[PDB]
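First, one chain by itself: the form deposited in one PDB entry, in structure tokens.
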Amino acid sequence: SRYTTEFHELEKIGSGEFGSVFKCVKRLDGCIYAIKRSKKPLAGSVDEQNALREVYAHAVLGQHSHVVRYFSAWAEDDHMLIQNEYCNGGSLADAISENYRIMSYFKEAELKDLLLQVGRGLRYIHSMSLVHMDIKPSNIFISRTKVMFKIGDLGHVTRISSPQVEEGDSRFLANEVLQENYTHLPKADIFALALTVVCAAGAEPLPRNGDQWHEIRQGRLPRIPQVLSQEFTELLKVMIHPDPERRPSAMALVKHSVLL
């Protein structure tokens, strides 16, 4: 098995609907990698599509400091193995869960840093005529010594010119995408980033549907318990503006004054 030949497994660090993730050391270089193990996708299926969307995206983007690196992919028996860059701080979703456990939180300065760094990631991706289409806390990773945020899971990445949309998490999805309007897809990433920061700021779990869902797509920011500057709250608000064209672009977001 290539997996045991090339790597030594240190511990299982994640398991879910989309596979398990293992912290592994590669024998040859002594470096740590995050390896995802999953069911070999059915040939001709959506899962296969996701997998190929992912390879294409990394192939186009190459290495970028705000995108989780993608090294190699192969199969053993009925399973797919993918070797990724290890982000020792875990996912943002897990950090938020940790913040709750120990009564800690991301103050405003750190939220701006989050918004800025992931924004730079989005700016690069969009500059390459790609959109991510699944920005959410479980797809943002943390690399630390002091902190680097990185965009992971490129399985939904598609081309702005002639897109194939596998619609992302309903809780982070812009209304226009739900309406099968695929004409301003980069602004969908922007919308999703705002709500990602909103979760990190300590907002209640986001709605999947119903009144609360629509209220947000009306441009209403979910309730956040910590005090934030109005200038910052207004920035998050315009990022979920019902008109996608009124939302800042990534390049506009990173050039924005309100961020460091």
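Just so we're on the same page, rigid core means the largest C-alpha set that superposes within 1.5 Å between forms. In case it trips you up, residue 1 is the first one in the sequence shown, and so on.
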*Unmodelled in at least a third of other entries of this protein, residue 126*: no
*asked:* For the other entries of this protein included in the comparison (both sides of the residue modelled), is residue 117 absent in a third of them or more?
replied: no
*Check the residues of the deposited sequence separating residue 145 from residue 146 and report how many of them have no coordinates, as none, 1 to 3, 4 to 9, or 10 or more.*
10 or more
*Look over 228-236 and 27-35 in the entry and identify the one with the greater average Cα temperature factor.*
228-236
*Which of the two stretches, 12-20 or 247-255, shows the higher mean Cα temperature factor in the record?*
247-255
_C-alpha B-factor winner, where the candidates are 53, 40, 217, 208_ = 208
*Would you mind finding, among 167, 180, 94, 85, the residue with the largest C-alpha temperature factor in the entry?*
167
*Record-listed C-alpha B factor of residue 156: chain third*: lowest
*Third of the chain, ranked by Cα B-factor, where residue 46 sits*: highest
*Should residue 140 be placed in the lowest, middle or highest third of its chain by the C-alpha B factor in the entry?*
lowest
_How does the C-alpha B factor of residue 65 compare with the rest of the chain: lowest, middle or highest third?_
middle
*Ranked C-alpha temperature factor of residue 115 among modelled chain residues, by third*: middle
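Separately, the form deposited in another entry exists; it is not shown, and the next lines address it.
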_Residue among 87, 185, 81, 116 with C-alpha shift of 2 Å or more between this form and the one not shown, core superposed_ = 81
*Core-aligned CA displacement of residue 164 at least 2 Å between this form and the one not shown*: yes
_C-alpha of residue 104 off by 2 Å or more between this form and the one not shown on rigid core_ = yes
_Comparison of CA distance in the other entry with shown form for residue 223, residue 103, at least 3 Å_ = closer
